[PDB]
């Protein structure tokens, strides 16, 4: 069948991927006791937007649920799926003559059917008539709460939808659950996005020179991903530690570069930390290797059945052990964990689902509660791991004055801290190591492939090989 492709060495993505997703969604809905026979899923795609009141276009990126279901790149579309049969219909805008003049040929419905391998194509202004003729029991529309943004998903609407029975509660948890588990075809794309972003991270490490501006490396990263990967979008706003990051990379700095390209709306999210000048100091090596250790410990321990908060607390324990070894901390690490001391140095969650969104959906379905403790409350899922899930593993150690100050004021934590040693690490900066992995039947598969050991990084930055 047909595929998405940007030529050269970019990945060919079969439109069969989205067909499989639709089938999987229907299979799930059919098992839902509340789903009436003759139901039709109705999804509305994204539309082109402009900057404020200007005619300056904003780069269009498809809505994620709609992309997952259809892979459609064009703005202004809808898509529906007959639950009982799986039949898919794409609705495309009916375009005017001036479109031929100003922005190219006007394609038939037949063109779109062939391109997207859907069962039928119609125009958007006919959607009420087409759905009416098919006489559905109910329309299943998308409405739910994203547990990372707090935003409510926007339900599809069209002229005449008021004439239909609409249910907006059933679909969201079911399509979210499908997205949580990646198909082999989806994993191929996420392997590819990780490949290109990994390569771009290597180029950044080779290119960094003291005196450069961070945004120069952000630029290089995006250029590598676009020109070699066909990755037009960054998955997220690029974080370039050491809205352009115009900090000058200084001798002695620890760099932290958190960046990931997106291919055909499939994300990647990778973080590398390394010394700006290519040589770890003793202190930098100590902190860096602590995070390397927790990174590897978590990846190693991950398998179906593991509770993700246990992995977070595993990383905490290891960080505290290493910080104690360094002399920053003293006393019982058991006692330290009881006092939540780990969250002083790692305030964010250990890692998150990744897929079509960087912070992918489904981390907190009904029945899965957020843990109200420091560190853990910032976890973007408290689920147990299962095969097919894609996660970031991103422990880090940070020296954040206001977290440190709070701990030093609190007698339950202040005891553990050696102020004379900690003083040396004020303004140390921060280390984060972020890998993308997939859960397998027995463990994980690592998607990311960048230099990680002190030896590998120093050799890479020195221009070796």
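Positions refer to the first chain, counted from 1.
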Report summary line: What lies unmodelled of the deposited sequence between residue 146 and residue 147 amounts to none
Query - Of 103 to 111 and 89 to 97, the stretch whose C-alpha atoms average the higher B-factor in the entry - result: 103 to 111
Report task. Read off the CA B-factors in the entry, average them over 211 to 219 and over 113 to 121, and name the higher stretch. Result -> 113 to 121
Query - C-alpha B-factor winner, where the candidates are 183, 295, 338, 271 - result: 338
Report task. Have a look at 353, 236, 345, 288 and flag the one whose Cα has the highest B-factor in the entry. Result -> 236
Query raised in the report: Going by the entry, which third of its chain does the Cα temperature factor of residue 363 land in?
Result: lowest
Report summary line: Sorting the chain's modelled residues by C-alpha B-factor and splitting them into thirds places residue 416 in the highest
Report summary line: The third of the chain into which the C-alpha temperature factor of residue 164 falls is the highest
Report summary line: For residue 394, the third of its chain by CA B-factor is the lowest
Query raised in the report: Is the Cα B-factor recorded for residue 194 in the lowest, middle or highest third of its chain?
Result: lowest
